[PDB]
Structure formats: C-alpha cells, structure tokens
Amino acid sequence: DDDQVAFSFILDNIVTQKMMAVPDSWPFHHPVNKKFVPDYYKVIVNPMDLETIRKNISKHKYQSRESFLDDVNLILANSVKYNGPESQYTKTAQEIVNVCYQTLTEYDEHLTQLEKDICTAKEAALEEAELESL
C-alpha cells in the first residue's frame, strides 16, 4: 500500500512543475523574511508559501485535495490582504491557484480513488488500535 506516497507525489509535482513555474512567482516560493518585508507579519497572521506546502507534502500532511487547496488558497487570501485585490502580486497568486486547480483535474479519477482508499485504511488502522488497547 503506497497510496499516501502516490498521493503526495502527485501534489509535489503540481507544486514544483506547475505552480513554481508560473512566471514571476518567486515572491511565493519561500516564507517572507521580515528583514526584507518589515511589515509583513504585522498584517499576515497565518502565513503560507510554496516551500512550506512542499514540507507539508513531504510529511504527508494532506490526505485530501481539499486540505491541500486550503493552504494553496491561504496564499491567495494573504496576497489580497497584504497587497490588495488588484496588485500584480495578487494577479500572480491567482495564476498559481488557477494552474493548481487545472493540473489537479488531470488526476481527478486517480485522486478520488486515492482519497477513498487512504480513508478506508486510516479507519481500519484506527479500529485495530482501539481493539488492541482493550
């Protein structure tokens, strides 16, 4: 059963091959350094970036497309808050989100099945642990 590794492989390749390849997406590649953007963390209370999402994928944080997309959306929402809805930074963040949604559709059937199977295995392992404890 390599379902979690296969799921994470798909998400990681969307991040590196598609999202990070959006032109001029460098502002979103790494966490903001306050030495470079002094007021950032005075405004943004739930920061996010693509390197952090990759570290999360490597730790198998995401078991669903919805949970992965929550962090992807946090990047867009943070740019709307910090830069404004019309800023070029926000237009770039919107392109990152849209390429993410478009690339995920290429794996719709497979990701649907992987999410179901990961869930089934999680539930069965939980029941086994509960029974072993009693």
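In case it trips you up, residue 1 is the first one in the sequence shown, and so on.
Trainee: May I ask you to compare 71-79 and 54-62 by their mean CA B factor in the entry and name the higher one?
Mentor: That would be 54-62.
Trainee: Place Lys91 in the lowest, middle or highest third of its chain's C-alpha B-factors, as listed in the PDB entry.
Mentor: Middle third, going by the recorded CA B-factors of the chain.
Trainee: Per the entry's values, where does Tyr107 land by CA temperature factor relative to the rest of its chain, in the lowest, middle or highest third?
Mentor: It falls in the top third of the chain.
Trainee: Sorting the chain's CA B-factors, does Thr16 end up in the lowest, middle or highest third?
Mentor: Ranked within chain, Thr16 CA B lands in the middle tercile.
Trainee: What third of the chain, by the recorded C-alpha B-factor, contains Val45?
Mentor: Its C-alpha B-factor belongs to the highest third of this chain's values.
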